[PDB]
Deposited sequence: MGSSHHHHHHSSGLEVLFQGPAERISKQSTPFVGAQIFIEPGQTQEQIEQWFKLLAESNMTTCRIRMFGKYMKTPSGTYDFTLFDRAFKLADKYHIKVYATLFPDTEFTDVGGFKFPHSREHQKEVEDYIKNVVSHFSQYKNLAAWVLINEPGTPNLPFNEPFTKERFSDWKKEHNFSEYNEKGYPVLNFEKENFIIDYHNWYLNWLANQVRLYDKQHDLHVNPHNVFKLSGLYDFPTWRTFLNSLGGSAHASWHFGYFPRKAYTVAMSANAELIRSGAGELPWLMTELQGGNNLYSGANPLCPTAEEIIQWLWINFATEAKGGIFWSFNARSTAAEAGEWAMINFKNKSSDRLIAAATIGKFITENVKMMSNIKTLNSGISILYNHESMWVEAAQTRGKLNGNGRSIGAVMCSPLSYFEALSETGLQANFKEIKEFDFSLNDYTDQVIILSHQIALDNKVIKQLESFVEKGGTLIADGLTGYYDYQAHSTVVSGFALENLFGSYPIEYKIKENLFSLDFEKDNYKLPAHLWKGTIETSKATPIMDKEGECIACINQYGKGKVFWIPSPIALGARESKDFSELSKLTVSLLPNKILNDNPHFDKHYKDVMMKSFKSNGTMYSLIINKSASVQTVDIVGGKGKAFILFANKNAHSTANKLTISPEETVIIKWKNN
């Protein structure tokens, strides 16, 4: 309010914006840059992001800021605020930027870069945020480079591990993975402290990326310590490999939930969305439709995003991504993608109060993932790629539950287990899904026992709890979840990729992936299959209940490309209060999503139809009459039945 001063500082009450990367490199003319900022302003965008390339400021000897001065001044002229990304000198062929210093000497070059860049550009009144580093984290961390190798050595010296647990069993300690967490914590914190030596006024921001693979690098609760907002790159062509294109709605929803969870009390925004065409770039190349641009912006805003920034407004000109990713065409005019984005910027300025106070309507369903399940999976599958026996099953399982709930029109959180609040006295009508979270330790099992005792519903499928955080299987040594599950594993038997669990009663069938789990119940009620084996159980535990099915049924739904049975089963296990209080679909709808939110007391719903046909969606739960506030293809409703067209995005206001 004072310490704020002129620089307008982001909060959970900020007006959301649409924006775009403005790509600055030498060779551009004043005239082409002005043309970009002018069209950006006319497209109802308030914000740009700029890579502050060290390469294009370093002179043969000193820093020359001219190239970026030119751009900041044209941004200021058009009333555009700047997210400035700290991007020290690196090879021209290094698209994403280095993730850690190479050497002590290189660290001092980074220090010097930050001093020069932040001292100079902090003086512009249109600077909105410092992005500490572009896209922290990579798959291939540089353990070979002297700086990282020395840090890992020091870290090992200051952490005593034993090769055995308290009971005497051999263990893995995951020194590499735990160091990598602390190393990201250290470098992003050090970058924040370097900026703070020269600028205590402007927001600090960072964009974690490829989150369905790199979530095991990321300690979001620690990052809150030094950030003012959490960001993200969520690119259809890089990050959504686990989904088909028609489910990029579900991918963006999960990516948004994951960042929102990491953000905690901090506001968040999507620092990068795909603005344009892959020519040679991308793993899953596309040119987003106008319809996809609208879908992604609404999903993010409905999940509390304070912003959506497109990579990129204008294109790079040379080598990697030359003439790729751009919202503008090669004549510097609007693609149908920029026209679509402009409709959302316009909607915000016409609905300022609604859009500035969005709070996601939490159903009370939390889908939890943990670092340690991903780390144990990596050691056990020895890095096969693909499937339960490959890297990524521990994320594809909970993502399948997420998709099943989306196709039921139910919100679900997607959270790292440490982001879940286990300290409350009541969990009546809260639900935790642990889908193939193969690593759980004593400490987390106590937290789950507490959650269920106090009224929580726990749903557990696949190999959840098979290992502890040291890759020791208590299924072998003495099962640590026996008390909570009221039951004990007997066998896993590997089967085909896709098989059927045929229950005894009602001739009822679940698709299952790869392994058939059998159990023995003590306190739990057994559920039997047609072969007279016990495949699942319900344990009443204090005020709560546990549903345990040790076959992977989430992955079975994914393998069968049919979430209808997982939807019906999950719905049947939910507390009545979730279904009565939350808008959802009367039944499962393939390739439709709904998520609901509130803004100052008023409830809203976001609906997207990704199927090939017009759908009539019967919305039940909550209260109110449906009023269509946003629809890009003439959706209509009759009572609470919404008729929605293929690729249409709809916002309903509940009157």
Going from the first residue of the deposited sequence to the last, where are the unmodelled runs?
1-15, 77, 403, 673-674
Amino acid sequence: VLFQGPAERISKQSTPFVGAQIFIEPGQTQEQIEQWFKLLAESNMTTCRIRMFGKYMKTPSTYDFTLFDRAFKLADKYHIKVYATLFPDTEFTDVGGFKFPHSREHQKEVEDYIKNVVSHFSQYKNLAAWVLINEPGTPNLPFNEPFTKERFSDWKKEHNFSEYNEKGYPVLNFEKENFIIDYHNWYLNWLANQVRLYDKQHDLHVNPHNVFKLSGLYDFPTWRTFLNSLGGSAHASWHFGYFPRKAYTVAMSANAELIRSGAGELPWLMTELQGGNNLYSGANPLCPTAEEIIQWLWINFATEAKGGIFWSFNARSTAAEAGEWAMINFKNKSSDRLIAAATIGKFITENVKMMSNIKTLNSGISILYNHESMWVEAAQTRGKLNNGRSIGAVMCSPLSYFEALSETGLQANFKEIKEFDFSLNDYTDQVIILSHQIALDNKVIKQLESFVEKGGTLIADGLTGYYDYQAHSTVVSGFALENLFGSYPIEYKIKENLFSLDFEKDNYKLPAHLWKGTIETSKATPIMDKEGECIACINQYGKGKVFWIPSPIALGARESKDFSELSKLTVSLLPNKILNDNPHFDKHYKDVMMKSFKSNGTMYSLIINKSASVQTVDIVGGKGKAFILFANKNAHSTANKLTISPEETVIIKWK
From here on, numbers count along this sequence of modelled residues.
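For the two forms, the rigid core is made up of the largest set of C-alpha atoms that agree within 1.5 Å on superposition.
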State which stretch is farther from the displayed form on average in 5 other deposited structures of this protein, 508-516 or 160-168, counting RMS CA distance after fitting on the rigid core.
508-516
If you line up the core and then measure how far each C-alpha sits from this form in 5 other deposited structures of this protein, which stretch comes out higher, 528-536 or 223-231?
528-536
Taking the deposited Cα B-factors and averaging over 501-509 and over 488-496, the higher mean is found in 501-509
If you average the Cα B factors in the entry, which is higher, 444-452 or 138-146?
138-146
Go through 545, 418, 382, 235 one by one and give the residue whose Cα B-factor in the PDB entry is largest.
382
Out of 390, 312, 277, 351, whose C-alpha atom has the biggest B factor in the entry?
351
Which third, lowest, middle or highest, does the CA B-factor of residue 346 fall in along this chain?
highest
Compare the C-alpha B factor of residue 561 with those of the other modelled residues in its chain, then answer lowest, middle or highest third.
middle
Quick check for you: using the entry's CA B-factors within this chain, is residue 81 in the lowest, middle or highest third?
highest
In terms of the CA temperature factor given in the entry, to which third of its chain does residue 123 belong: lowest, middle or highest?
highest
Taking only the Cα B-factors deposited for this chain, tell me whether residue 216 sits in the lowest, middle or highest third.
lowest
